[PDB]
Every structure is written in structure tokens, then in C-alpha cells.
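A.B. asks: Numbering (the deposited numbering), first residue to last: 1 to 188.
Using N, Cα and C, we set each Cβ at its ideal position, and we do this for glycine too.
A single structure is presented below for examination.
Structure follows, in C-alpha cells:
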């Protein structure tokens with residue numbers, strides 16, 4: 001066929017019941033994740049092609065960057081809770097990987113402050129049980145698929161994207177193949 005199991009996607013031997021429809025994992029420490037988000041705009045291009053009534057979920061992971069890595073998972077939980085992902089994703093990626101100015105939880109906090117989130121509001125959220133349950137959700141979803149690398153995308157807890165079997169000579173063409181494949185998997 002044109003979309004072959006084992007080629008552009010793989011099927012989970014241990015399918016995850018009740019998983020989000022489209023689930024992407026990343027780390028702000030992850031170089032290909034920087035590419036995926038900042039240069040290729042994968043998340044965006046997938047969303048624009050998804051069927052109606054199919055929502056997108058994106059979670060941060062702990063297994064890169066040690067202590068600061070975990071802080072970033074909690075920060076991402078704050079971002080989700082306050083709904084400011086689109087305001088902090090770029091400065092967090094650039095702070096970790098471009099300027100290398102994020103070295104502590106306080107430096108992460110600075111990014112939110114600069115993005116216009118009030119200090120008191122950030123701190124309230126950081127310290128909240130709503131954010132603790134969001135952190136748990138992120139950890140659980142990664143554990144459910146025994147996740148060991150990023151970037152990664154799963155569809156309906158049954159299918160995992162396999163971009164390594166795709167031509168990357170043209171960035172635009174790669175992105176749309178990636179997006180078209182998620183849409184195909186979504187309709188399966």
C-alpha cells in the first residue's frame with residue numbers, strides 16, 4: 001500500500017486504551033524537537049489537516065536534561081493550565097538551545113514574566129494541585145507508551161509516526177507528508 005505498517009508508522013503491540021487522539025511528545029532540550037517546532041512547524045501543520053472533531057495534545061518529557069528537564073515539564077503544565085503555550089514555546093526553546101540563558105527554574109519563570117504572565121499568577125499556578133495533576137498526566141501518557149525518545153507522535157494510542165522513512169530534502173514536502181500521514185492514521 002502507500003502507507004505501510006512498519007514504514008511510515010508502526011503499530012503499538014500494546015495499544016493504549018483511552019489515549020488522546022493525536023499525542024505529541026517533546027523536550028525543550030531536544031534538538032530535533034527544536035527543528036520540529038521552530039523550523040518545520042509540525043504541530044501546526046498537522047492541526048490544519050486534522051479531521052473535524054480530532055483534538056491535539058502535546059506533552060513535555062522528563063528523560064532529558066535532568067533536574068531542569070523536570071522543571072520544564074512542570075513549566076509546560078503551567079503553560080497548559082494558563083493556556084499560554086503559544087506565548088512561551090518559542091522563548092523556552094530559544095532560551096534552552098539558542099541563547100542558553102535558561103539554567104534554573106527562576107530563568108524559566110522569567111520567560112513567562114517577559115511573555116506577560118503576572119508573577120503572582122505564575123507562582124500560584126506553579127504551586128497548584130491542578131498543575132500537579134497535569135504533570136501526572138504528562139508522565140502517565142509517556143509511561144503508557146514506554147517512551148524513550150523525542151520527538152514522537154501517537155495517534156489514538158495505537159499508531160506511532162515513523163519519520164525516519166521519509167525524504168527530507170525539501171522541508172515543506174516532508175512536513176506535508178508527515179501531516180497527511182497523521183490524517184490518514186486518524187481516519188483508520
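Please work out which residues of its chain come closer than 8 angstroms, Cβ to Cβ, to residue 182, disregarding the five sequence neighbours upstream and downstream, and give them in chain order.
C.D. replies: To locate residue 182, count along the chain shown from 1; it is residue 182. Excluding residues within five positions, the ones whose Cβ falls inside 8 angstroms are 22, 46, 49, 50, 153, 155 and 161.
A.B. asks: Does residue 135 pass the burial test, meaning 16 or more other C-beta atoms within 10 Å, or should it be called exposed?
C.D. replies: For the purposes of this step, residue 135 is taken as the residue at position 135 of the chain shown. Result: buried.
A.B. asks: For residue 21, name the three-state secondary structure that DSSP assigns.
C.D. replies: The residue labelled residue 21 in the question sits at position 21 within the chain shown. Coil.
A.B. asks: Using 10 angstroms around the beta-carbon of residue 101, count the other beta-carbons present and answer buried if the total reaches 16, otherwise exposed.
C.D. replies: By one-based count along the chain shown, residue 101 stands at place 101. With fewer than 16 other Cβ atoms inside 10 Å of its own Cβ, residue 101 counts as exposed.
A.B. asks: Does the pairing of the stretch 70 to 83 with the stretch 120 to 134 give three or more beta-carbon distances under 8 angstroms?
C.D. replies: yes
A.B. asks: Taking buried to mean at least 16 other C-beta atoms within 10 Å of its own C-beta, is residue 142 buried or exposed?
C.D. replies: Residue numbering aside, residue 142 sits at position 142 when the chain shown is read from its first letter. Residue 142 counts as buried, since no fewer than 16 other beta carbons sit within 10 angstroms of its beta carbon.
A.B. asks: Compute the distance between the beta-carbons of residue 92 and residue 111, then report whether it is under 8 angstroms.
C.D. replies: As a first step, residue 92 is located in the chain shown; it is residue number 92 there, counting from the start. As a first step, residue 111 is located in the chain shown; it is residue number 111 there, counting from the start. Yes. Within cutoff.
A.B. asks: Taking only runs that begin and end inside the stretch 32 to 79, name each unbroken alpha helix (DSSP H) of 4 or more residues, in chain order.
C.D. replies: 42 to 47
A.B. asks: By the 10 Å Cβ neighbour count, where 16 or more other Cβ atoms means buried, how is residue 96 classified, buried or exposed?
C.D. replies: Within the chain shown, numbered from 1, the residue matching residue 96 stands at position 96. Its Cβ being crowded by 16 or more others within 10 Å, residue 96 is buried.
A.B. asks: Mind checking whether residue 25 and residue 147 have CB atoms under 8 angstroms apart?
C.D. replies: Here the question's residue 25 lines up with position 25 in the chain shown. Here the question's residue 147 lines up with position 147 in the chain shown. Against a cut-off of 8 angstroms, the Cβ pair of residue 147 and residue 25 comes out as a contact.
A.B. asks: From the DSSP output, in three-state form, read off residue 107 for me.
C.D. replies: In the chain shown, the residue the question calls residue 107 occupies position 107. In this structure, residue 107 counts as helix in the three-state DSSP scheme.
A.B. asks: Between the Cα of residue 99 and the Cα atoms of 28, 17, 179 and 178, which residue gives the shortest distance?
C.D. replies: Taking the first residue of the chain shown as position 1, residue 99 is located at position 99. Considering only alpha carbons, the answer is 28.
A.B. asks: Just verifying my parser: in three-state terms, what is the DSSP assignment at residue 159?
C.D. replies: Here residue 159 corresponds to residue number 159 of the chain shown, with the count starting at 1. If DSSP states are grouped into helix, strand and coil, residue 159 belongs with the strands.
A.B. asks: State the start and end residues of the unbroken alpha helix (DSSP H) segment that holds residue 181.
C.D. replies: Taking the first residue of the chain shown as position 1, residue 181 is located at position 181. Segment 171 to 187, the alpha helix (DSSP H) holding residue 181.
A.B. asks: What is the DSSP secondary structure of residue 93, reduced to helix, strand or coil?
C.D. replies: Mapped onto the chain shown, residue 93 falls at position 93. Residue 93: helix per DSSP, three-state reduction.
A.B. asks: Is there at least one Cβ from chain C nearer than 8 angstroms to residue 52's Cβ?
C.D. replies: No chain C appears in the structure shown, which is made up of a single protein chain.
A.B. asks: Beta strand (DSSP E) containing residue 9: first to last residue?
C.D. replies: As a working mapping, residue 9 is identified with position 9 in the chain shown. Where residue 9 is concerned, the enclosing beta strand (DSSP E) stretches over 9 to 11.
A.B. asks: Please identify the residue among 188, 40, 159 and 177 whose C-alpha is closest to the C-alpha of residue 6.
C.D. replies: Position 6 of the chain shown holds residue 6. Cα-wise, what sits closest to residue 6 is 159.
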